[PDB]
Amino acid sequence: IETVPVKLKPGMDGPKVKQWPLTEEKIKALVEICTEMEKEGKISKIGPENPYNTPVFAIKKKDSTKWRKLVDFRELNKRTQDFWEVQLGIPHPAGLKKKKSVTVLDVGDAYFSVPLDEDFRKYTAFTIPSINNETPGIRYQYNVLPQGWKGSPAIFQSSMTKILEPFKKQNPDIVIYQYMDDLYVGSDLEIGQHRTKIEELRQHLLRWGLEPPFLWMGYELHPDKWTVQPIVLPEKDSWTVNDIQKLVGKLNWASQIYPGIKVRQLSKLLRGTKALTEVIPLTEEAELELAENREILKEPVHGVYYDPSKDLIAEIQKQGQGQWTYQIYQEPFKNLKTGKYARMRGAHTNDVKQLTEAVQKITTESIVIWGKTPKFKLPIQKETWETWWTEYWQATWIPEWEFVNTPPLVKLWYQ
Amino acid sequence: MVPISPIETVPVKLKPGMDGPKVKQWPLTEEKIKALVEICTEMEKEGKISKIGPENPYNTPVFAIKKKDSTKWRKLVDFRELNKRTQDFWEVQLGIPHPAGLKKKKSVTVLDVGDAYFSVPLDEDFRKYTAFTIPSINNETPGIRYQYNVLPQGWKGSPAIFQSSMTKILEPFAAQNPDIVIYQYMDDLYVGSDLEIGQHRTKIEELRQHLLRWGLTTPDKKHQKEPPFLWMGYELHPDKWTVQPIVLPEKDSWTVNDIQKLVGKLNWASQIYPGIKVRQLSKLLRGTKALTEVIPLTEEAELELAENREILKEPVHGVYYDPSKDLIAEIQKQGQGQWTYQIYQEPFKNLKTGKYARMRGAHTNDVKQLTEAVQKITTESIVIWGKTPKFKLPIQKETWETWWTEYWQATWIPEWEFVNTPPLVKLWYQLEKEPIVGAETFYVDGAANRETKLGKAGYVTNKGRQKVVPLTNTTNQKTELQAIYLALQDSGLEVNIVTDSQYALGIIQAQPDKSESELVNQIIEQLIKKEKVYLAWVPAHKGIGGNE
Ligand SMILES: Cc1cc(/C=C/C#N)cc(C)c1Nc1ccnc(Nc2ccc(C#N)cc2)n1
Ligand SMILES: [Br-]
Ligand SMILES: [Br-]
Ligand SMILES: [Br-]
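Residues numbered from 1 in each chain as written, not as in the entry; some residues may be left out. Chains lettered and ligands numbered in written order. Heavy atoms only, no water. Residues with missing side-chain atoms left out of burial classes, pairs and counts.

Method of determination, as given in the entry header: X-ray crystallography; reported resolution: 2.147 Å.

What follows is the structure, encoded as C-alpha cells:
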C-alpha cells in the first residue's frame, strides 16, 4: 500500500525503445486488455512529456486461447538499479533441479496488488500502436508492479514469503522458487498427488487474493530426467578412410576439452593417399589409442565450475530432421550443460518455430539450474528471427541473444 | 457566456541540470521595433503573451522579417537555445501513414482549425523560460519584456503538446462515431466516411459543435482545399492514390548532387511504379562525397536510366486497402542483387510496389536474398495492413524444401506459392552428404610465405594424379581456395575433395552462388559443372597422409 522508492542506475536515463510492428489481432487484444487494466487502476494514460518507451506485444500461453500481455522490459531491467538492500540475494536452491516433477505457475498477476513508486512509473511507459499509424498510438504507464520487470519480484518478495509461509510449514519437502512472473514448485511425489499439492497451492494462493486469469494453468517439468551429452566415439568393425578422418577431426576437437586425447596413432592410419571409401584396418597402436581416448571421454571435464558473477552463454546447432543440439557455458570448452532436442510440437515444416521453442526450453532449464537466463548465440539471420520469434513465444520472460552468421565446424561433433 | 471546458496543460521541464536561456537580444531598426510593438500589443490583447517585470532573468531573441513583396512585418522568436534546454517529448506521430494502407472513402471534408493551433495553454511554470525583449527606441528605456501563455511557434514542445491536446479532444468523437475517420495535418482536420452525403455532412456539423465545447470555432466558409489532396509527397484521391509528379530531367552531364537527387526521386517513385532500378545509378555514388563533382555515366547506368524513363512515361496509380480481401505479394528477380515486388488484392490493381537490394557482403546466393526480401515485405506489410500477405515467389516448392532442410541456419518463409515467371531462383549446386564410391579422391593443400607472398597450391589423388602450381602475390587463404579450384578443374564429373582449410569450408558451407572474390566465383562455376562433389575436412598438421 506504501511504495518502495526505486531508482535507475547512476548516470542512466529511462528506456527509449521503439515499438515494433504488431499484427491487427495483437493490437485488438492489447486494446481490450489495456482498457480493462485501466479501469482497474493498473495503468493510466500518459502525456507527451513522457518520452520513454518499452515495446509491448501479446502471446497465447501454452494450451490456452486467451491473450496475455507481454512487455519487453529487457532494456528497463538493464537500466534499473540492483536490489540488495533487504537481502544480498536469494541463494538459488540447488535442490530444485533434483526433484522428479516441477510445475511452473504464472503468478505474475499478484504483482498488480502492489503500487509502484510514483516517481518511477514514467519509466514503464509503453505504446499500443495503430495499423498504418492512422490514429495516435495509445500511451500508458504502470501504477503498480508490472509483469516482466526485475524490480517486481524484488519488491514483492517480502509479500510472497508471507503468503508461502503456511504452505511451506505444512509441506517442508516442497521446493518453491520464484523467477520473475514464474513460480517453480518441485516435489518427489506421485504425479497424481503432486497435481493435488499444486492445486492445494493454488487455493492457498487464491485465499490471499480475496480472479487471476492464468493461475489455474500448470506446466509440468521433470528435471531429474533431463539428459546430458557426453562425447562418444563410434564403435565399428570396418573403418573407411573417411570414417577415420572424421574420427581424427572429432578427437582433435575433443582434445581442446580433454587433455590426454591423442591422434598420433590414428593419424598414422591416414598415411598414404587412399580413396575415401576404402576400408582401412586398424593397427594395434591405433586401437589402443582409440581405447584410451574412449576412457578419457568417460570422465567429466576438469576445472568446470559455475560462477554467478559471469554470464551464461547458450549455443544452438540445427542438426536437421527436427533435431537440435545446444551447449551452456561461461568459458569456452568448459560446458556446464549440453543437450539435444528432437520432439516436435507441430513445427515439422518451420525451422524458426522449432528454434524459438528450443530457446525457451533451454532458458527454462537454465532458470531451474542457476536461476538466470543465458545469452543465446542463434544460428539464424537477424531479420528472420526478429520478424517471427514473437509469433511462437509462449514464455513471460525474454532472454538476450546474438546471431551467428558463419557456419560452425563443431556442428559435426555434436551430431 | 457559454462556459467552455479548459484544456489541461502539459507539465514541462528543462533537461536535468540545465537552466533556461539567457541570450542577447539583437539590435533592431527603428522600423522593426515599431512593428513588433504593435504585433505584441495585439497578441497581449488576445492573451497569447503577457508583459513581465525585470525580475525574470531569461531571454530569447526576437526578430522582424520582411514578408516578401509586402510592407507587413512578421514576428519570429528564435527558440534554438531554449529548445536545446527543453526536455525530450514523445513524438505522437509514431510514423506517417502509407496511402496503400488507407481505405477508400466516398467523402472527405476539410475543417480549418488554424485558430486552435495558436491557443494551447503553456504550462504556467515553464512560461518564464520563453521570455523575450523588444528593444527600445534608441535604447534609452528598458526593452518591453514579454513571456508566452500559449505554445510558441518554433518551440520544441509545441507540436507534440498540440497534437496530444487535439487528440484528447477528438478521441471521444471518433470513438462514438466509428463510421468516420479523422486525421489532422498541420492546422486542418480531415474527416472521411462512406455515409450518404446527408448523414456525412451532419457528422461534420456535429464535429463542429463538439469542437465548440472547447471554444473552437471553424470557418463557416468551407475550405478551399478539396480532393485530390497533396500530402507528404503523395496525391490522395477518393478511390486511388499516387506519388506526386516524378520528372527525370534531361542532362548532358551529371553531378554527385544530381545523381543523389535522381536516386531519391526513383526511390520515391518505386513505391507505385513497378520495376524501378537504382543499382547502377547508386554505384556512381560509391565512396565519394564531393557534391559538386561530375561523374561520367557508365553504359550500364545509362540503360538503367533509360529503363526507368520508360517505366515513368505515363501515370500509375495504386488502389486503397480492402480489409475483406487477402493481400498478395509477388516478387521478381531483376539481377545484380536487385529485387522488385507488387502488393495487390485484385489482379492488375496494385496497392503498392517496391524494391529490395542485396546487402553488401563477401558471398551470397539468390535464395538468401529472396528470403530477406520476403522478411522486408512481411515487416512493411505488418506496419501498413497489420497482416502478412500471401506470397507468390519465383522459386519451385521442391527447390525451397531442399534448401531449408539442408541449410545450416534456421530459415522460414510464410505461406507462399510458386509463380512460374523467369528468371527462377534455383539451387546451382548441392554437395554430397556421403563420400562417393568410384570417384577419384583429391587431397588438396596450399600455403604461402607471409613476407614474399609467394605460394603453392596443389593436390594428390588415389590414382597417382598430382599437381603443384607456383603462385605470386598470394596468401595462405587464397592458396587454399586455389587448391580446391585445381581439384575441381582436373577431376571428372564425380569427385571427392579433402581439405584442411577451415576458411574454405566456412565459405562453401554458406552455399554461395556468387561472390566478390573471383576465385570463389571460379570455384562456383566448376561446382555447377559437376554431377557429384563431396567435400571433406581434416585437421592440418596431424600426420594425415595424402594431406600430409
Ligand atoms: C491519413 C489521412 C490523411 C488525410 C489527408 C491528408 C492530407 N492532405 C485524410 C484522412 C481522412 C486520413 N485518414 C484516413 C484513414 C483511413 N482511410 C483513409 N482513406 C482516405 C483518405 C483520403 C482520401 C482522399 N482524397 C481517400 C481515402 N484516410
Ligand atoms: Br499566435
Ligand atoms: Br514527388
Ligand atoms: Br499465394
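*Asks:* Outline the packing of aromatic side chains, listing residues and values.
*Replies:* All names here are of chain A. Counted under the stated rule, the structure contains 41 aromatic pairs over all chains. Both rings, one in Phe 120 and one in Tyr 123, keep their centres 5.2 Å apart while their planes meet at 75 degrees; by these two values the pair is edge-to-face. Residue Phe 120 is classed as buried on the basis of its relative accessible area, which comes to 1%. What makes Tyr 123 buried here is its relative accessible area of 13%. (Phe/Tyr/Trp six-rings, centres within 6.5 Å; stacked < 30°, edge-to-face > 60°. Buried < 20%, exposed > 50% of the residue type's maximum accessible area, 1.4 Å probe, protein only.)

*Asks:* Mind laying out the side chain of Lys530(B), listing which residues take part and the relevant values?
*Replies:* All names here are of chain B. Summarising the element assignment, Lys 530 is placed in the loop between helix 13 (518-529) and strand 25 (532-537). No salt bridge forms around the buried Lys 530; measuring N to O, its nearest opposite-charge neighbour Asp 490 is 8.2 Å away. A polar atom in the side chain of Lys 530 sits 2.9 Å from the backbone oxygen of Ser 491. Excluding its chain neighbours within four sequence positions, the residues that come into contact with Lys 530 are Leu 488, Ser 491, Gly 492, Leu 493 and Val 495. (Helix = DSSP H or I, 4+ residues; strand = E, 2+ residues; numbered from the N terminus. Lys, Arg positive; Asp, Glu negative; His and termini not counted. Salt bridge = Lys/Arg side-chain N within 4 Å of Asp/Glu carboxyl O. Polar contact = N/O pair within 3.5 Å; in protein donor to acceptor, adjacent residues only side chain to side chain. Contact = heavy atoms within 4.5 Å.)

*Asks:* Describe the packing of helix 11 (residues 476-490) of chain B against helix 13 of chain B, listing the residues and the values that go with them.
*Replies:* All names here are of chain B. At a minimum axis distance of 10 Å, the contact between helix 11 and helix 13 shows a crossing angle of 25 degrees. By the angle between their directions, the pair helix 11 and helix 13 is classed as roughly parallel. Here helix 11 and helix 13 pass one another in a crossing that is left-handed. Residue-level contacts link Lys 478, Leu 481, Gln 482, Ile 484, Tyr 485, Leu 488 and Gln 489 of helix 11 to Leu 519, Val 520, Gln 522, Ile 523, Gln 526 and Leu 527 of helix 13. Split by residue class, the contact of helix 11 with helix 13 holds eight nonpolar, four polar and one charged. (Axes fitted to C-alpha atoms, helices over the stretch in contact; angles between N-to-C directions. Parallel < 35°, antiparallel > 145°, perpendicular 65-115°, else oblique. Left-handed = near helix turned anticlockwise from the far one by under 90°. Nonpolar A, V, L, I, M, F, W, Y, C, P; charged D, E, K, R; others polar.)

*Asks:* Explain the interface of chain A and chain B residue by residue, including any values.
*Replies:* Across the boundary between the two partners, chain A contributes 60 residues, which contact 66 residues of chain B. For the pair chain A and chain B, the summed buried area comes to about 5,100 Å², and 60% of that belongs to carbon and sulfur atoms. The shortest N-O distance in the salt bridge between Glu134(A) and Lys103(B) comes to 2.7 Å. At the junction of chain A with chain B, the criterion picks out 21 residue pairs in polar contact. Taken together, the elements giving at least two residues each to the side of chain A that touches chain B come down to helix 5 (241-254), helix 8 (351-370), helix 9 (382-388) and helix 10 (411-414) of chain A. (Buried area = accessible area lost by both parts, 1.4 Å probe.)

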